[PDB]
Amino acid sequence: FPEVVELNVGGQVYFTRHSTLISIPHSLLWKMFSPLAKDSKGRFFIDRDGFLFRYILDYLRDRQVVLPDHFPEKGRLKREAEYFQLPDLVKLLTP
């Protein structure tokens, strides 16, 4: 795996460091990028909502997440956290 990974999430492209992807062991992204579907341009493909991945990705990097005011999609973000298997992130999203 390269040092900076080019991902395609539901058509949303993200560049990120490999260290961020494997930050939480036994998580979905850890299982994927620890020693895969690719698109036409060769980018590794994640079949999930591209917009919500920003905040999933921010948690892996900083182990915390600041949402905007009146964030209309917390329920959706929590669902994504479940898919990527991030128990603590689901916990933070528990009201």
Requested in this report: Tell me what the chain gives for mean residue ellipticity at 222 nm when only DSSP H runs of n ≥ 4 count, each as -39,500 (n - 2.57), the sum divided by the residue total, rounded to 500 deg cm²/dmol.
Outcome: -9500 deg cm²/dmol
**Report entry** Other-chain or far-sequence residues with amide H under 5 Å of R48's (modelled H)
**Finding:** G10
Query raised in the report: Mind listing the phi-derived Karplus ³J(HN,Hα) values for the stretch 75-91, rounded to whole Hz, using 6.51, -1.76 and 1.60 with θ = phi - 60°, and x for any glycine or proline?
Result: x, 5, 5, 4, 5, 5, 4, 5, 4, 6, 6, 10, x, 5, 5, 5, 5
Report summary line: Amide H contacts under 5 Å for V5, restricted to residues at least 5 apart in sequence or on another chain and with H modeled in the peptide plane, are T16, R17, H18
Query - Karplus 3J(HN,Hα) series, Hz, for the stretch 59-73 with 6.51 cos²θ - 1.76 cosθ + 1.60 (x for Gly, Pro) - result: 5, 4, 6, 9, 6, 6, 9, 8, 8, x, 5, 6, 6, x, 10
Query raised in the report: So what are the ³J(HN,Hα) numbers for the stretch 18-24, from phi and the Karplus equation (6.51, -1.76, 1.60; θ = phi - 60°), rounded to whole Hz, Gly and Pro as x?
Result: 4, 4, 6, 5, 9, 5, 10
Query raised in the report: Shape of the chain from its Cα gyration tensor (a ≥ b ≥ c, root eigenvalues): rounded if a/c is under 1.5, otherwise prolate when a/b > b/c, or oblate?
Result: prolate
Query raised in the report: Going by how many other Cβ atoms sit within 10 Å of their own, how do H18, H26, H70 line up, fewest first?
Result: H70, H26, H18
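Every read-out reported here was derived from the displayed coordinates using simple, explicitly stated rules and does not represent laboratory data. Ideal geometry is used to build each Cβ from the backbone, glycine not excepted, and the neighbour counts take in all protein chains shown.
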